[PDB]
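The chain contents come next:
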Amino acid sequence: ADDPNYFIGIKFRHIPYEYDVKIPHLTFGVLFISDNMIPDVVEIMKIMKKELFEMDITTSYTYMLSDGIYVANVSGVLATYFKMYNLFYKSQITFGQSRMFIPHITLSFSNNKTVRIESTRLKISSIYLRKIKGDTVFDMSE
Ligand SMILES: Nc1ncnc2c1ncn2[C@@H]1O[C@H](COP(=O)(O)O)[C@@H](O)[C@H]1OP(=O)(O)O
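Residues numbered from 1 in each chain as written, not as in the entry; some residues may be left out. Heavy atoms only, no water.

- Header annotation of the entry names X-ray crystallography as the structure determination method and lists the resolution as 3.098 Å.

- The PDB entry lists the protein chain under the name Capping enzyme protein, from Rotavirus A.
- According to the PDB record, the title of this entry is "The 1.35 structure of a viral RNase L antagonist reveals basis for the 2'-5'-oligoadenylate binding and enzyme activity".

Following this line, the structure appears as structure tokens:
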């Protein structure tokens, strides 16, 4: 569906930028799932963990994703994204949207223009599964 109720998200110890947003995270997939499907989604989340923490994430610049969306790019994440995409799909879990996935960290919800830095590596602090406009049901730390 394109009305997801849950999403997987990633949180980093520090951001090499400045942000208005109350919570800085990397969205890593959105889901349309029923609570009786919470365990299965957790297992895959458990299964992907090693690669998720062996992932080399980096930022080089910031940009406007869309009108009034100011974000920072992230790279090194797409392969493990599609790997997990396959795992969800094969368990018949609705994961994905019609629109293509772009990995980003939302920095602000206002119009600002690009900043740059040397390639810098993001260190994951947490990976979680959370309901949309809702509580976090599951958390994983390294
Ligand atoms: N590929 C994309 N292209 C344009 N906008 C996107 C894209 N992916 C996400 N967004 C929008 O940027 C916002 C960043 O939110 P997040 O904290 O989850 O990263 C999303 O709410 C989304 O707003 P929208 O769904 O209205 O298009």
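1. So, the pairing of strand β1 (residues 6–12)
Part 1 of the reasoning: Where burial is concerned, most of β1 is hidden: 6 out of the 7 residues are buried.
Part 2 of the reasoning: As defined by bridge partners, β1 adjoins strand β2 (residues 26–32) across 4 bridges and the pair is classed as antiparallel. Within the sheet, the bridge partner assigned to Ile-10 lies in β2 and is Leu-26.
Part 3 of the reasoning: As paired strands, β1 and strand β8 (residues 124–131) are joined by 7 bridges and run antiparallel to one another. Each bridged residue has a counterpart across the sheet, and for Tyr-6 the counterpart in β8 is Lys-131. (Buried < 20%, exposed > 50% of the residue type's maximum accessible area, 1.4 Å probe, protein only. Helix = DSSP H or I, 4+ residues; strand = E, 2+ residues; numbered from the N terminus. Pairing = 2+ DSSP bridges.)

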